[PDB]
Amino acid sequence: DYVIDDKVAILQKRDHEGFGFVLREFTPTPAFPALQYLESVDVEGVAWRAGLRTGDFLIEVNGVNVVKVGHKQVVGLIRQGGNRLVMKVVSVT
């Protein structure tokens with residue numbers, strides 16, 4: 563079965579920190604539910620500590636649904652908040 567897990571990730575970084583993660596008509600499937608998934612999730616990093624994971628998709632960023640949005644615009648939405656980032660995500664096993 564597919565077990566979809568809905569999560570909200572609040573990523574709070576100190577000035578000397580990165581968050582520690584990397585990303586990359597669209598057509599869905601539980602396997603790939605959204606456009607922008609996680610490729611790396613540096614363990615013990617800020618991305619890790621808020622409970623994110625390798626393979627986690629991106630559904631909402633800082634309030635904006637990114638289910639059908641490309642890399643450029645989503646990064647610009649990751650950078651807009653500076654030392655803080657709230658992301659709606661979903662794990663599918």
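Under the UniProt record's numbering, the residues of the sequence shown are numbered 563 to 586, 596 to 664, in order. Cβ atoms here follow ideal geometry from the backbone N, Cα and C, with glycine treated the same way.
Here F597 is exposed, its C-beta having fewer than 16 other C-beta atoms within 10 Å.
Assignment of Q644 by DSSP, reduced to helix, strand and coil, places it in the helix class. Contact check for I566 and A605: beta-carbon distance about 11 Å, past the 8 Å limit, so the pair fails to qualify. Note on geometry: alpha-carbon atoms of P601 and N654 lie some 31 Å from one another. Around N636, the same chain offers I630 as residues with beta carbons nearer than 8 Å, after the five sequence neighbours per side are excluded.
Taking the Cβ atoms as the reference, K575 lies roughly 5 Å from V617, within the contact range of under 8 Å. Within the DSSP secondary-structure output, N633 pairs in no beta bridge. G634 and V646 have their alpha carbons spaced roughly 14 Å apart.
Rounded to the nearest angstrom, the gap between the Cα atoms of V657 and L585 is 15 Å.
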